[PDB]
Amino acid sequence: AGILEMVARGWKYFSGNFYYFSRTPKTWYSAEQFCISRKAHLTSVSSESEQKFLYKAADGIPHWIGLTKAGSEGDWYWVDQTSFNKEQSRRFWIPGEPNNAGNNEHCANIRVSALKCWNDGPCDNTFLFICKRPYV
């Protein structure tokens, strides 16, 4: 509906997209349910620059993003259905990650504040979250 309005409504703006950083923590799925109801999806990271903005604006607090496995034993996909670049992700996971700790880590979160900031963790962990919505 327009940049100023969306900004004025509390949304962040970075490079062709609106973002919503949740004021309360939810499980990955309850976070996605909210983003759908906000005409959005849990965020994707489709560049290094977008990764830079997203870790910065997270403020060192662990934020759910929109990476999830296609089934508890499947490969990662972006929920917003953009392509997942397996190779580009190398520069985005915290070293050691994805580690699949206790074989119950199928949802990914911005845990720290660096270029390498993603951690795989339990999908039922409650964290703050980022809804992504196109500027269309």
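In case it trips you up, residue 1 is the first one in the sequence shown, and so on.
In this entry, 88-96 shows the higher mean Cα temperature factor of the pair 35-43 and 88-96. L128 sits in the lowest third of its chain by CA B factor, as recorded in the PDB entry. Per-chain ranking of the deposited C-alpha B factor places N104 in the highest third. The deposited CA B-factor of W28 belongs to the lowest third of values across its chain. When all modelled residues of the chain are sorted by CA temperature factor, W64 is found within the lowest third.
Looking at the C-alpha B-factors along this chain, the one for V7 belongs to the lowest third.
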